[PDB]
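1. structure, please.
(chains A and B)
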Amino acid sequence: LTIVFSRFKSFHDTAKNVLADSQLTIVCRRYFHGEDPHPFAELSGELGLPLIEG
Amino acid sequence: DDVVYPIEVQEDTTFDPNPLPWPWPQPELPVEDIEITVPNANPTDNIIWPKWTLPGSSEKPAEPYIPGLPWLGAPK
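-> Numbers count the residues shown, from 1 in each chain, chains lettered A, B, ... in the order given. You can find the structure just below:
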């Protein structure tokens, strides 16, 4: 649990101390059609069906 | 050529996983001790790093595997 605050800071300057105190990594990936799976796809439960169909 | 010595299991040490806490309390499992004597472990002028080939379990795992999910079946 933490406080995130800004009055027109950059998002980098906003996250910087929170990420360092919490020991967290911000990660980004570009979704490339054809080669990547959909970014929000995941499986669930006993039989391992997709969590959201379609 | 690299020298190979066979090491043979002779007692059945199979046990039921299901009564056990996780991870298994190895001080109270059934155990066989195997001794092998090598007459000349290293004839050479150089250090030798030994290699071992070890047999895994002959009994089928407790749960099937689903690609894309962690396999929770290890304890049983």
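2. contacts for stretch B:14-21?
-> When contacts are defined by Cβ atoms under 8 Å, 6 or more residues apart in numbering or on different chains, stretch B:14-21 is touched by residues B:24, B:29-30, B:59, B:62, B:75-76. Where C-beta positions appear, they are placed from N, C-alpha and C, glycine not excepted.
3. rerun at 10 Å
-> B:24, B:28-30, B:57-59, B:62, B:74-76 (Cβ atoms under 10 Å, 6 or more residues apart in numbering or on different chains).
4. how far away is residue A:52 from chain B?
-> To chain B, residue A:52 is 14 Å away according to Cβ to the nearest Cβ, to the nearest Å.
5. and what of residue A:2?
-> From residue A:2 across to chain B, the span is 28 Å (Cβ to the nearest Cβ).
6. mind listing what that residue touches?
-> Applying Cβ under 10 Å, 6+ apart to residue A:2 gives the contacts A:17-18, A:21-22, A:24.
7. now secondary structure too, for those residues, in a markdown table please.
-> Formatted as a markdown table, these follow (DSSP: H, G, I helix; E, B strand; the rest coil):
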| residue | secondary structure |
| --- | --- |
| A:17 | helix |
| A:18 | helix |
| A:21 | helix |
| A:22 | helix |
| A:24 | coil |
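8. closest one to chain B out of those, please.
-> Nearest to chain B among the contacts of residue A:2: residue A:24, at 21.8 Å, using Cβ to the nearest Cβ.
9. what's the burial count for that closest one?
-> Neighbour count for residue A:24, taken as other Cβ atoms under 10 Å in any protein chain shown: 11.
10. from chain B, which residue is nearest to chain A?
-> Counting by Cβ to the nearest Cβ, chain B gets nearest chain A through residue B:66, at 3.9 Å.
11. how about the residues of chain A near chain B?
-> With Cβ under 10 Å from any Cβ of the partner chain as the criterion, chain A comes near chain B at residues A:37, A:41-50.
12. for those, work out which two are farthest apart.
-> Greatest spatial distance in these: A:37 and A:46, 21.9 Å, computed using Cβ to Cβ.
13. looking at the two, which has the bigger crowd around it?
-> Applying other Cβ under 10 Å to residue A:37 and residue A:46 shows that residue A:37 carries more neighbours, namely 9 against 6.
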